[PDB]
Amino acid sequence: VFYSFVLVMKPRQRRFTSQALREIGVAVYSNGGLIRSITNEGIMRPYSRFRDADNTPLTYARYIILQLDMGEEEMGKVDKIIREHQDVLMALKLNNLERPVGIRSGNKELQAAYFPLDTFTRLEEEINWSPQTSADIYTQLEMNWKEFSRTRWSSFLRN
Amino acid sequence: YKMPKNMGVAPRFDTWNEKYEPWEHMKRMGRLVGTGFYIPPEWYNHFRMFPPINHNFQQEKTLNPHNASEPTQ
Amino acid sequence: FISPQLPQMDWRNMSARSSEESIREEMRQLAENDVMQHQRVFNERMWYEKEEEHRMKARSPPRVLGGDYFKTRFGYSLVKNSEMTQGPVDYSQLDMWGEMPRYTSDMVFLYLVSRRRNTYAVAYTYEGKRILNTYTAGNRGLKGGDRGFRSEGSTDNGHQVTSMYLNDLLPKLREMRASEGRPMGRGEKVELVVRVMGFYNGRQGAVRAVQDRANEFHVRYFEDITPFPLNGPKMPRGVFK
Amino acid sequence: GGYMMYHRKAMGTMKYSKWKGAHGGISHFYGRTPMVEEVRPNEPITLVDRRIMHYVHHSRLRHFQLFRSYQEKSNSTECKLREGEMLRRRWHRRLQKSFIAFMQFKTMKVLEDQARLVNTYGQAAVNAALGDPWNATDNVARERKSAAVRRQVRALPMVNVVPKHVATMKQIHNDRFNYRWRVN
Amino acid sequence: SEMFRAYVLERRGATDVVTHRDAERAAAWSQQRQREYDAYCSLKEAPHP
Amino acid sequence: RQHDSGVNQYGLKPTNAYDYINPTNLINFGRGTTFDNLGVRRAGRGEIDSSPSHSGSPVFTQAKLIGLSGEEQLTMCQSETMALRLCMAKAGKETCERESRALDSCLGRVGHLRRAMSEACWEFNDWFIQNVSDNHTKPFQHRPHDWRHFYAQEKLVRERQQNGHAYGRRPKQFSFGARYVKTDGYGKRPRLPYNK
Amino acid sequence: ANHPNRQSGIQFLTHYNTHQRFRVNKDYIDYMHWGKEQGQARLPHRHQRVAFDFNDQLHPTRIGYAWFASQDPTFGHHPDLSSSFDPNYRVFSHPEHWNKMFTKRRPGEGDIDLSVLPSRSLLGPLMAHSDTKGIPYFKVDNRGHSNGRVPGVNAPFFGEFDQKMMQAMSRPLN
Amino acid sequence: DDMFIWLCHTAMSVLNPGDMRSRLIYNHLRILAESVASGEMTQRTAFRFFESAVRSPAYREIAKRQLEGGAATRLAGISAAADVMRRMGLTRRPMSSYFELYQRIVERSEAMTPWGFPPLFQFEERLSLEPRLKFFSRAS
Amino acid sequence: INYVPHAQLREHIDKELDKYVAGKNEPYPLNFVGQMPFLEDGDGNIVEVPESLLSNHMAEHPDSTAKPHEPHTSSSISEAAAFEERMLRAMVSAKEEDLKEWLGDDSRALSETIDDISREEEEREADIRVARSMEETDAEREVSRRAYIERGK
Amino acid sequence: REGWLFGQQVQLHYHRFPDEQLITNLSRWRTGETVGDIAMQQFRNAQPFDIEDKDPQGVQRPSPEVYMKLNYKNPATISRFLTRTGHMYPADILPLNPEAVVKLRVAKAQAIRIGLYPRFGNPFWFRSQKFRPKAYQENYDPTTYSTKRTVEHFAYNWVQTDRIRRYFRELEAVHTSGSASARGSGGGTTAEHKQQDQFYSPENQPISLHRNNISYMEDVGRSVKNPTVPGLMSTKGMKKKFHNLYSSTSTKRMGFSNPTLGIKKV
Amino acid sequence: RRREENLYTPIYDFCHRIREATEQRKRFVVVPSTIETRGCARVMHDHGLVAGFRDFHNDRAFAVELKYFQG
Ligand SMILES: [Mg+2]
Ligand SMILES: [Mg+2]
Ligand SMILES: [Mg+2]
Ligand SMILES: [Mg+2]
Ligand SMILES: [Mg+2]
């Protein structure tokens with residue numbers, strides 16, 4: 001991804017969650033950027049109690065993942081927009097997604113010298129693995145590899 | 001100021017070999033006998049015609065562990 | 001055992017050994033035993049494991065994929081070497097709160113704080129209300145105008161304090177419960193969570209005075225809350241620095 | 001005044017002083033709790049405690065915490081002490097390896113001795129001496145012997161000693177577990 | 001990316017288990033490819049005039 | 001001849017020019033000194049100046065190695081003593097001397113075991129003296145100043161990053177909460193020293 | 001020289017731009033972790049040495065056996081032909097790459113550049129994996145070995161191996 | 001008597017000292033021995049003389065045609081080393097030479113890293129080992 | 001990649017926000033932290049709680065009514081292969097029941113021993129020599145101080 | 001001159017040459033003692049273990065897959081690299097490839113500020129134990145810095161030898177004395193041996209050679225622990241004096257007395 | 001690196017290369033290649049102070065083979 005966010009939010013009535021997410025989204029569109037994926041997660045129990053705008057500590061919070069394509073200039077604006085919203089407890093930001101840690105160290109990349117387009121195409125989920133991932137995806141990966149490489153040109157040279 | 005006990009009698013770790021090396025005795029004895037005034041010991045009478053090997057050099061002078069210094073060892 | 005055995009009368013058995021069946025057999029036998037043994041002398045441990053496995057096991061063509069096939073599968077080469085279990089994975093090995101305390105509206109939290117020259121104990125309702133005051137090594141006498149500071153924060157003081165506190169803790173607990181209508185008449189224990197702070201001598205003894213109350217108090221969870229200074233405000237300056 | 005939790009004066013008991021934070025149930029210590037142990041049914045909490053404390057002490061965590069939580073020391077003395085600790089460690093490691101490289105030789109000489117015993121008394125005999133059940137007629141004998149080995153292998157809980165904390169006068173080190181003098 | 005978001009929670013027997021929602025499908029796939037490999041090799045052994 | 005080449009009639013034979021100006025060095029290395037004991041600078045064993053050295057610092061922990069007499073010391077029998085203790089604590093109606101027999105057996109063996117370990121350890125002291133120890137002749141490695149050159153290499157690096165300027169300089173320590181107590185326009189985090 | 005930071009000495013036989021090893025601002029050495037194979041930590045690494053011993057091997061000629069067909073059929077891999085040999089190879093040195101000076105030297109601390117050691121992560125080979133075969137299949141590169149036709153590397157090798165340099169430095173008598 | 005120690009070193013302390021039966025290397029050893037007795041040479045000097053003595057061209061590469069790790073068999077060494085002490089008049093009673101040279105080796109056989117020696121303590125030097133810990137010594 | 005355009009925004013937000021609606025016939029997806037989070041019904045009140053968290057949820061707000069939420073089950077092969085999975089899990093719980101701790105038999109009999117040996121260690125400790133400085137008062141410190149200052153006479 | 005590992009002046013070995021076992025044992029060899037000999041076979045060429053860290057600072061730890069999960073969202077995989085308190089291990093305790101250290105401290109940081117990992121403690125501590133190489137005291141890893149384990153196995157094997165010795169001394173004992181149940185008057189032991197040796201002596205059947213024997217054993221039952229009432233003299237109120245207790249004379253010959261022993265706060 | 005320092009010459013460090021490589025008893029030295037440097041080498045090889053030398057027409061450097069006698 002170009003940018004990503006993890007947004008720890010207060011667990012409110014659904015109409016409010018939807019309004020808040022519409023506000024963040026519109027704040028991203030106005031600033032001339034895109035949303036790769038807005039992923040929803042449940043109301044979880046974190047390891048740290050968060051206080052909201054009421055200064056009332058919270059045991060539970062709704063987690064929400066943002067993945068954005070912006071300019072680095074106007075994500076300052078979106079940053080202090082998101083962090084200043086009352087329904088967001090915490091937001092952590094990943095800017096490292098284009099050059100993550102495991103590449104371009106003493107010619108680790110075979111047949112290319114730092115191809116940037118490898119990790120840009122990808123989403124955050126495949127750059128940073130989630131805990132549930134097991135050896136099983138090693139299977140799926142390749143059925144999604146081989147299959148892809150079969151249909152790509154034929155699909156592209158159609159139009 | 002505390003120091004390791006025997007530093008007074010500490011050997012020179014680079015050069016303590018030189019004194020004992022066969023070539024040195026070959027040269028020294030060589031110009032001693034040349035005088036005419038010294039009866040050559042018999043080892044000299046022998047290694048006179050079988051001088052020792054050339055390129056065996058210590059590790060102290062050459063600081064290489066990987067150098068295989070001796071044809072023997 | 002001095003029963004005369006003539007070597008001529010055995011001959012039939014020796015002729016049995018000249019047959020290539022029996023020598024095929026000794027060949028198989030000796031080629032199975034020729035692999036390098038790591039056993040050396042007879043070992044009790046390994047014998048036990050062996051026979052325990054025998055008790056446990058007593059209680060108990062398709063085309064070969066070529067090198068080219070595994071040349072084309074990048075995945076497989078990573079599966080063979082992977083640490084990650086393939087199949088359904090147990091959920092209890094994922095969830096954050098799996099290994100963690102599970103509390104109850106009725107629980108009492110006992111705080112044993114060991115300090116350098118002092119030790120003390122308190123108890124709290126799960127809803128955070130204080131039960132009895134803090135019985136302290138200097139609160140109980142036990143400290144000043146006496147033997148010395150060296151022994152002030154000692155083990156036995158912590159024991160004196162904790163054991164003096166629990167004694168006074170039971171009745172007030174039964175009263176605070178009688179107030180909401182929980183009798184706890186007989187054959188009940190207080191479910192206790194012992195939270196311990198400090199890494200000082202007075203800690204050891206403290207918990208001992210809990211353990212001898214095991215017929216009254218039942219400890220579910222032993223968790224120590226000891227502050228760790230990553231960095232922070234300056235501590236008081238000592239003598240040297 | 002406001003003190004940190006590991007401060008000397010931290011939780012005071014006085015007429016003015018009042019403890020800070022939610023102190024029970026879900027508490028001030030919520031995500032700050034370094035260790036948690038579910039007590040196994042019928043286990044005294046003294047084994048639990050001595051296990052925790054042995055752990056902390058052997059990995060030099062209680063060292064660190066005691067050290068930093070009492071006095072301030074400049075980053076130079078902290079560096080000096082930590083790197084001194086680590087270099088003393090390095091030295092003693094290089095001693096241990098020597099000892100071990102010798103003890104594997106000793107162990108070899110022992111195993112060799114065992115070999116000589118083998119060819120004096122024959123292999124099978126030596127195996128007999130070592131507890132080989134050649135006298136086991138039926139499985140019941142085997143299960144007696146293995147019941148013996150079972151009752152050995154089961155580990156009684158180890159009570160591992162934790163060195164006491166020594167309180168000295170002005171406390172040059174509150175890491176003090178022994179009476180030896182130290183270089184501050 | 002839509003592979004990695006495809007895990008799921010099922011209860012097998014008495015216990016909770018995390019599985020891939022698509023796992024069996026990938027098994028059918030890989031099995032079919034193996035059978036085609038077999039066809040190919042068996043066919044390289046076929047009589048060559 | 002009849003004795004060592006490094007030792008003559010009156011004491012250690014004085015090779016370097018330090019020996020001729022300071023010839024107390026020839027005949028006295030300490031209170032463990034005898035005359036046969038010159039040139040062998042280590043003195044006997046159990047004796048003053050008998051300790052072997054490792055990279056210059058003497059080895060005074062030997063027993064602690066084989067786990068005889070240490071706090072970390074190896075214990076032979078635990079399961080036994082625990083078993084017997086359990087027996088004693090449970091009841092007084094039945095008394096088990098079976099446990100005390102397994103235990104006293106265990107001990108009876110332990111004695112010989114220990115003498116063996118001690119003997120092997122003295123052999124280690126001998127070997128360590130022959131093939132490892134420098135006999136207190138090399139500089140200490142075990143205290144940070146001995147490694148000063150190493151640290152220097154690091155200071156140099158942080159200097160070349162700073163345009164080859166501030167040597168031994170470090171960032172000013174700020175405050176417990178310098179970042180959130182300061183207004184816009186003032187440095188909220190500690191900078192590189194050259195950056196000040 | 002007893003001054004710290006001057007300990008590396010005077011070596012002329014290095015490849016750097018100063019004959020004084022301790023003014024060199026390029027490679028800062030590591031006295032604690034270095035010098036297993038080279039002796040002292042001051043001295044140059046096995047692959048950078050510009051002076052050679054009598055009984056020690058000199059550098060391997062990099063390849064990047066097919067060309068020995070004329071030789072002894074049994075003759076195996078020549079000791080001096082290596083697949084991977086880098087005269088420019090950055091050896092990890094703590095005071096450079098892991099620098100603990102600005103910290104209290106607690107377990108995680110110190111600043112680290114990862115550009116030295118080749119990445120052992122799986123992230124790289126996953127992220128770049130393609131159906132198009134690699135550089136070698138595509139034969140993108142021009143040139144080749146920089147010396148053109150080389151009997152050991154590119155072309156075949158005929159005649160005899162001179163393993164000592166005896167024929168390689170001789171004086172024309174003509 | 002230190003002679004026996006020296007000879008023990010030439011026999012056991014040297015990997016591949018050529019074929020020790022051959023009259024060439026044999027004469028090397030003979031001469032050096034007679035020069036360790038009668039004090040004409042230091043033990044260290046005579047040892048470094050022995051191992052650096054001239055044997056045969058391309059020595060190592062002929063050694064690759066016999067030895068794997070360059071460790072020859074020790075029989076020729078001991079038979080030669082006894083022979084030399086017998087032919088030189090070293091002992092009044094003939095057997096003693098062979099016995100001592102043999103015995104001192106057998107005792108060292110049990111020692112950890114038996115055939116290696118620290119170079120400083122191996123021979124005469126300023127600082128020495130105590131007479132119990134000296135290497136092929138009678139007092140061990 | 002499916003990019004969320006401005007037109008599809010609220011629709012997509014609602015599709016994702018109804019992901020856990022507290023009833024379905026199909027198995028639920030996990031988190032990025034790989035957890036099964038609380039199931040909210042419409043309007044986002046928490047209806048059903050997973051079994052690991054039920055204790056604390058109930059203990060914090062008793063009045064709150066929620067159900068333990070069980071995954072939809074799926075069986076591989078027969079009830080036979082599942083009974084064999086049961087044997088496997090019980091056998092692992094058996095090797096772990098063996099390895100964990102023996103703990104003797106009765107608790108109090110063990111506690112007595114542990115406390116005894118702690119006491120014996122306490123009083124073998126009390127016999128160790130202290131350092132001179134710990135032992136002496138400030139009286140003799142000052143005595144030895146004057147004794148040292150005046151030493152030049 | 002120093003070896004790299006522990007600074008030894010020699011290269012470690014047990015044996016070197018092909019002949020040494022033979023030549024050492026030569027009289028036994030001509031005799032033919034050595035025919036079935038398994039000691040001269042087993043250990044003949046046996047050499048020491050390689051005690052070396054192939055990774056002094058592990059660039060191997062962790063294996064590749066693990067890196068994927070060293071991000072902020074894997075509390076478990078964070079946890080397998082920390083202590084039970086959550087602190088990192090010092091470099092010379094648990095060495096990690098620098099990549100892993102960067103990713104790990106960053107991870108724990110992020111995870112903490114997002115609430116996915118606690119500010120102290122390791123929540124996965126027990127689960128992670130599979131991933132750590134827990135080393136059984138029963139196996140022996142030739143490479144350890146553990147000096148206890150080595151000496152433990154030394155003990156074990158030596159005791160395994162002692163067992164044999166004891167077994168075969170009691171066996172031959174049993175046959176010398178059991179011969180008497182085989183032959184009463186049979187002779188087979190010398191007449192002079194009948195004169196001298198049939199008398200009780202310290203080698204034959206001594207009574208007891210040591211003080212504090214056990215006499216008067218009886219079946220009587222155990223008493224109540226601590227039957228004794230505390231004495232009238234209070235041992236509690238008394239302060240223990242060590243250094244100044246008696247008066248000493250200093251053997252100090254010349255110079256100022258060492259300031260660290262006395263005249264220096266501990 | 002600065003003003004007061006001497007200004008080095010290929011001859012200066014040619015000589016010091018050879019001197020230091022002679023002190024460490026090396027067989028080969030890689031040494032700076034300029035006109036008068038390999039001139040110096042040919043002259044030394046004439047007088048037999050040096051076992052041999054070669055210029056490989058490498059731009060920077062060429063190589064000299066040192067001679068030892070009697071140790
Ligand atoms: Mg001083
Ligand atoms: Mg002195
Ligand atoms: Mg001052
Ligand atoms: Mg004020
Ligand atoms: Mg002394």
# chains A, B, ... in the order shown; residues from 1 in each chain; ligands from 1

call {"tool": "residues_near_ligand", "arguments": {"ligand": "ligand 2", "cutoff": "12 Å", "atoms": "only C-alpha atoms and all ligand atoms", "output": "MDAnalysis selection string"}}
result
(chainID B and resid 1:9) or (chainID F and resid 24:25 28:31 49 136)

call {"tool": "interface_residues", "arguments": {"of": "chain D", "to": "chain G", "cutoff": "12 Å", "atoms": "only C-alpha atoms", "output": "NGL selection string"}}
result
:D and (61 or 64 or 73-87 or 90-91)

call {"tool": "residues_around", "arguments": {"residues": "stretch 135-139 of chain C", "least_positions_apart": "2", "cutoff": "12 Å", "atoms": "only C-alpha atoms", "output": "count of residues only"}}
result
49

call {"tool": "interface_residues", "arguments": {"of": "chain D", "to": "chain J", "cutoff": "9 Å", "atoms": "only C-alpha atoms", "output": "PyMOL selection string"}}
result
chain D and resi 30-36+55-56+59+61+86+90+93-101+103-108+110-119+121+126-130+168-173+179-182

call {"tool": "closest_residue", "arguments": {"among": "J:173, J:26, J:59, J:233", "to": "residue G:116", "atoms": "only C-alpha atoms"}}
result
J:59

call {"tool": "closest_atom_pairs", "arguments": {"of": "chain C", "to": "ligand 3", "cutoff": "12 Å", "atoms": "only C-alpha atoms and all ligand atoms", "output": "tab-separated table"}}
result
residue	atom	partner	partner_atom_place_in_ligand_line	distance
C:239	CA	ligand 3	1 (Mg)	10.6
C:240	CA	ligand 3	1 (Mg)	8.6
C:241	CA	ligand 3	1 (Mg)	8.9

call {"tool": "interface_residues", "arguments": {"of": "chain G", "to": "chain J", "cutoff": "8 Å", "atoms": "only C-alpha atoms", "output": "ChimeraX atom specification"}}
result
/G:36,106-108,112,114,119-123

call {"tool": "select_by_dssp", "arguments": {"residues": "stretch 11-57 of chain K", "states": "strand (DSSP E or B)", "output": "PyMOL selection string"}}
result
chain K and resi 28-32+52-54

call {"tool": "interface_residues", "arguments": {"of": "chain F", "to": "chain C", "cutoff": "9 Å", "atoms": "only C-alpha atoms", "output": "PyMOL selection string"}}
result
chain F and resi 175-177

call {"tool": "write_last_selection", "arguments": {"atoms": "N, CA and C atoms", "output": "tab-separated table (two decimals), in the first residue's frame"}}
result
chain	number	residue	atom	x	y	z
F	175	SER	N	13.67	16.01	29.53
F	175	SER	CA	12.84	16.05	30.71
F	175	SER	C	12.04	14.79	30.64
F	176	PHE	N	11.32	14.47	31.72
F	176	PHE	CA	10.49	13.24	31.70
F	176	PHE	C	9.45	13.38	30.59
F	177	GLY	N	8.84	14.56	30.47
F	177	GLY	CA	7.85	14.80	29.40
F	177	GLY	C	8.14	16.10	28.67

call {"tool": "interface_residues", "arguments": {"of": "chain A", "to": "chain J", "cutoff": "8 Å", "atoms": "only C-alpha atoms", "output": "PyMOL selection string"}}
result
chain A and resi 6+8+46-49+90-92+101-102+127-131

call {"tool": "write_last_selection", "arguments": {"atoms": "N, CA, C and O atoms", "output": "PDB file, in the first residue's frame"}}
result
ATOM      1  N   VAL A   6      -4.393   2.038  11.352  1.00  0.00           N
ATOM      2  CA  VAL A   6      -5.241   1.272  12.243  1.00  0.00           C
ATOM      3  C   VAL A   6      -5.935   2.264  13.154  1.00  0.00           C
ATOM      4  O   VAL A   6      -5.283   3.064  13.831  1.00  0.00           O
ATOM      5  N   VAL A   8      -8.493   2.701  16.227  1.00  0.00           N
ATOM      6  CA  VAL A   8      -9.222   2.225  17.382  1.00  0.00           C
ATOM      7  C   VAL A   8     -10.295   3.247  17.733  1.00  0.00           C
ATOM      8  O   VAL A   8      -9.992   4.391  18.112  1.00  0.00           O
ATOM      9  N   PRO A  46      -8.997  -4.742  24.101  1.00  0.00           N
ATOM     10  CA  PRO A  46      -7.566  -4.464  23.956  1.00  0.00           C
ATOM     11  C   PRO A  46      -6.790  -4.779  25.236  1.00  0.00           C
ATOM     12  O   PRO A  46      -7.398  -5.165  26.231  1.00  0.00           O
ATOM     13  N   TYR A  47      -5.473  -4.614  25.209  1.00  0.00           N
ATOM     14  CA  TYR A  47      -4.653  -4.843  26.398  1.00  0.00           C
ATOM     15  C   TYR A  47      -4.521  -3.594  27.246  1.00  0.00           C
ATOM     16  O   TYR A  47      -3.978  -3.631  28.347  1.00  0.00           O
ATOM     17  N   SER A  48      -5.003  -2.485  26.714  1.00  0.00           N
ATOM     18  CA  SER A  48      -4.929  -1.226  27.420  1.00  0.00           C
ATOM     19  C   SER A  48      -6.273  -0.540  27.357  1.00  0.00           C
ATOM     20  O   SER A  48      -6.862  -0.426  26.283  1.00  0.00           O
ATOM     21  N   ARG A  49      -6.767  -0.085  28.498  1.00  0.00           N
ATOM     22  CA  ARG A  49      -8.008   0.665  28.487  1.00  0.00           C
ATOM     23  C   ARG A  49      -7.780   2.010  27.800  1.00  0.00           C
ATOM     24  O   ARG A  49      -6.784   2.681  28.066  1.00  0.00           O
ATOM     25  N   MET A  90      -7.622   6.014  19.075  1.00  0.00           N
ATOM     26  CA  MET A  90      -6.215   5.979  18.714  1.00  0.00           C
ATOM     27  C   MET A  90      -6.078   5.679  17.242  1.00  0.00           C
ATOM     28  O   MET A  90      -6.946   5.040  16.661  1.00  0.00           O
ATOM     29  N   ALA A  91      -5.015   6.175  16.628  1.00  0.00           N
ATOM     30  CA  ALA A  91      -4.726   5.825  15.255  1.00  0.00           C
ATOM     31  C   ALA A  91      -3.235   5.637  15.106  1.00  0.00           C
ATOM     32  O   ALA A  91      -2.465   6.539  15.436  1.00  0.00           O
ATOM     33  N   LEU A  92      -2.812   4.479  14.625  1.00  0.00           N
ATOM     34  CA  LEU A  92      -1.399   4.328  14.342  1.00  0.00           C
ATOM     35  C   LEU A  92      -1.244   4.271  12.828  1.00  0.00           C
ATOM     36  O   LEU A  92      -2.114   3.723  12.142  1.00  0.00           O
ATOM     37  N   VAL A 101      10.789  -3.689   5.610  1.00  0.00           N
ATOM     38  CA  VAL A 101      12.110  -3.991   6.154  1.00  0.00           C
ATOM     39  C   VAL A 101      12.865  -5.106   5.412  1.00  0.00           C
ATOM     40  O   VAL A 101      14.092  -5.047   5.262  1.00  0.00           O
ATOM     41  N   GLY A 102      12.139  -6.091   4.905  1.00  0.00           N
ATOM     42  CA  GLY A 102      12.781  -7.276   4.359  1.00  0.00           C
ATOM     43  C   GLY A 102      13.308  -7.255   2.930  1.00  0.00           C
ATOM     44  O   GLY A 102      13.537  -8.316   2.351  1.00  0.00           O
ATOM     45  N   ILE A 127       1.838  -8.007   2.996  1.00  0.00           N
ATOM     46  CA  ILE A 127       3.150  -7.520   3.410  1.00  0.00           C
ATOM     47  C   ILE A 127       3.416  -7.910   4.857  1.00  0.00           C
ATOM     48  O   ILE A 127       4.466  -8.453   5.194  1.00  0.00           O
ATOM     49  N   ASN A 128       2.431  -7.650   5.702  1.00  0.00           N
ATOM     50  CA  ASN A 128       2.485  -8.038   7.097  1.00  0.00           C
ATOM     51  C   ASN A 128       1.476  -9.140   7.365  1.00  0.00           C
ATOM     52  O   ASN A 128       0.276  -8.932   7.228  1.00  0.00           O
ATOM     53  N   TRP A 129       1.955 -10.316   7.738  1.00  0.00           N
ATOM     54  CA  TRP A 129       1.068 -11.453   7.904  1.00  0.00           C
ATOM     55  C   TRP A 129       0.294 -11.418   9.213  1.00  0.00           C
ATOM     56  O   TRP A 129       0.821 -11.026  10.243  1.00  0.00           O
ATOM     57  N   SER A 130      -0.966 -11.828   9.165  1.00  0.00           N
ATOM     58  CA  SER A 130      -1.780 -11.920  10.366  1.00  0.00           C
ATOM     59  C   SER A 130      -1.502 -13.251  11.062  1.00  0.00           C
ATOM     60  O   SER A 130      -0.975 -14.163  10.437  1.00  0.00           O
ATOM     61  N   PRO A 131      -1.838 -13.368  12.360  1.00  0.00           N
ATOM     62  CA  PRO A 131      -1.438 -14.579  13.090  1.00  0.00           C
ATOM     63  C   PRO A 131      -2.073 -15.872  12.602  1.00  0.00           C
ATOM     64  O   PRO A 131      -1.429 -16.917  12.687  1.00  0.00           O
TER      65      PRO A 131
END

call {"tool": "select_by_dssp", "arguments": {"residues": "chain G", "states": "alpha helix (DSSP H)", "output": "ChimeraX atom specification"}}
result
/G:94-97,123-127,135-138

call {"tool": "closest_atom_pairs", "arguments": {"of": "chain B", "to": "chain K", "cutoff": "10 Å", "atoms": "only C-alpha atoms", "output": "CSV"}}
result
residue,atom,partner,partner_atom,distance
B:21,CA,K:71,CA,8.9
B:22,CA,K:71,CA,8.9
B:23,CA,K:70,CA,6.0
B:24,CA,K:71,CA,8.1
B:26,CA,K:70,CA,8.6
B:27,CA,K:70,CA,8.1
B:51,CA,K:70,CA,9.0
B:52,CA,K:70,CA,8.6
B:53,CA,K:71,CA,8.6
B:54,CA,K:71,CA,6.2
B:55,CA,K:71,CA,7.2
B:56,CA,K:71,CA,8.0
B:57,CA,K:25,CA,7.4
B:58,CA,K:25,CA,9.3
B:59,CA,K:24,CA,9.2
B:60,CA,K:24,CA,8.8
B:61,CA,K:24,CA,5.4
B:62,CA,K:24,CA,4.6
B:63,CA,K:24,CA,7.1
B:64,CA,K:24,CA,9.3

call {"tool": "interface_residues", "arguments": {"of": "chain F", "to": "chain I", "cutoff": "12 Å", "atoms": "only C-alpha atoms", "output": "MDAnalysis selection string"}}
result
chainID F and resid 79 81:91

call {"tool": "interface_residues", "arguments": {"of": "chain A", "to": "chain C", "cutoff": "8 Å", "atoms": "only C-alpha atoms", "output": "short mmCIF file (atom, residue, chain, number, x, y, z; two decimals) with C-alpha atoms, in the first residue's frame"}}
result
data_model
loop_
_atom_site.label_atom_id
_atom_site.label_comp_id
_atom_site.auth_asym_id
_atom_site.auth_seq_id
_atom_site.Cartn_x
_atom_site.Cartn_y
_atom_site.Cartn_z
CA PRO A 131 -1.44 -14.58 13.09
CA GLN A 132 -3.99 -17.03 11.69
CA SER A 134 -0.63 -21.10 8.41
CA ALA A 135 1.15 -23.32 5.90
CA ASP A 136 -2.22 -23.67 4.18
CA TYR A 138 1.35 -21.80 0.71
CA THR A 139 -1.10 -23.92 -1.20
CA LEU A 141 -0.85 -18.77 -3.02
CA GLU A 142 0.36 -20.92 -5.85
#

call {"tool": "closest_residue", "arguments": {"among": "H:122, H:16, H:140, H:10", "to": "residue H:66", "atoms": "only C-alpha atoms"}}
result
H:16

call {"tool": "atom_distance", "arguments": {"atom1": "atom CA of residue D:42", "atom2": "atom CA of residue J:127"}}
result
22.9 Å

call {"tool": "atom_distance", "arguments": {"atom1": "atom CA of residue J:247", "atom2": "atom CA of residue I:150"}}
result
22.2 Å

call {"tool": "residues_around", "arguments": {"residues": "residue I:4", "least_positions_apart": "6", "cutoff": "10 Å", "atoms": "only C-alpha atoms", "output": "ChimeraX atom specification"}}
result
/A:25,34-38 /I:10-13

call {"tool": "write_last_selection", "arguments": {"atoms": "C-alpha atoms", "output": "compact mmCIF listing (two decimals), in the first residue's frame"}}
result
# COMPACT_ATOMS: atom_id res chain seq x y z
CA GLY A 25 -13.77 8.80 3.76
CA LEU A 34 -8.09 6.84 -2.93
CA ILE A 35 -9.22 4.08 -0.63
CA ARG A 36 -7.82 0.66 -1.46
CA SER A 37 -9.69 -1.11 1.31
CA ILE A 38 -11.71 0.00 4.30
CA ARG I 10 -21.80 4.14 2.43
CA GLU I 11 -22.93 0.88 0.81
CA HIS I 12 -19.50 -0.66 1.32
CA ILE I 13 -19.20 0.70 4.85

call {"tool": "atom_distance", "arguments": {"atom1": "atom CA of residue E:39", "atom2": "atom CA of residue E:25"}}
result
21.4 Å

call {"tool": "closest_residue", "arguments": {"among": "D:136, D:125, D:159, D:167", "to": "chain C", "atoms": "only C-alpha atoms"}}
result
D:167
